[PDB]
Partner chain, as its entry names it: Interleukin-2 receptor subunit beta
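Consider the single chain below, provided in C-alpha cells and representing the form deposited without its partner chain.
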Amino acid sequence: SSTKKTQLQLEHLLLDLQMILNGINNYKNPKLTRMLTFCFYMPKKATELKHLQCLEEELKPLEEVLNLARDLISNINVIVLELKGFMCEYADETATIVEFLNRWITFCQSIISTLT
C-alpha cells in the first residue's frame, strides 16, 4: 500500500505533465511561438526522487509560460513535495518548454518502471 501509493503519486505527476504538453500542442493555442522562446533549466542527472527538487524549482517559469495562452501547476507542486519531502545541479544548455516537459515525462516513466 506504500509502494502502490508512491506509484499512483507518480502516475498523476506523469499525467499532469502530459496534460500540459497536450494543451500546448493543441492547434487552438495561439501563443506556441512565444512559449518556445522561454528558457527552462534541466538537471544534469534525473534518475532519483530527490531530483524532483529540480522540477519544483521551475514551477514558476512553467506557470508563466502557460499563462501566455495552474490548477495543474498546484497539483504538480503537491505531488512533488510528497515524493521528495537537495542541491540541484543544472546542465548548461537550457531547454524549451517542450523539451522540458518531455524530459520530466520520461523521468516519471523511468521511476514508475523501477518501483513496479
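Positions refer to the first chain, counted from 1.
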Which class fits the unmodelled deposited stretch between residue 69 and residue 70: none, 1 to 3, 4 to 9, or 10 or more? 4 to 9
Should the segment between residue 85 and residue 86 be described as having none, 1 to 3, 4 to 9, or 10 or more unmodelled residues of the deposited sequence? 4 to 9
With respect to the recorded C-alpha B factors, which stretch has the higher mean value, 87-95 or 53-61? 87-95
Identify the stretch, either 76-84 or 33-41, whose C-alpha atoms have the larger mean B-factor according to the entry. 76-84
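Only in words, not in the display: the form deposited with its partner chain bound, which the text now covers.
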Taking the shortest heavy atom distance, is residue 49 within 4.5 Å of its partner chain in the entry with it bound? no
Partner contacts in the entry with it bound for 81-104 (non-hydrogen atom within 4.5 angstroms of its partner chain): 82
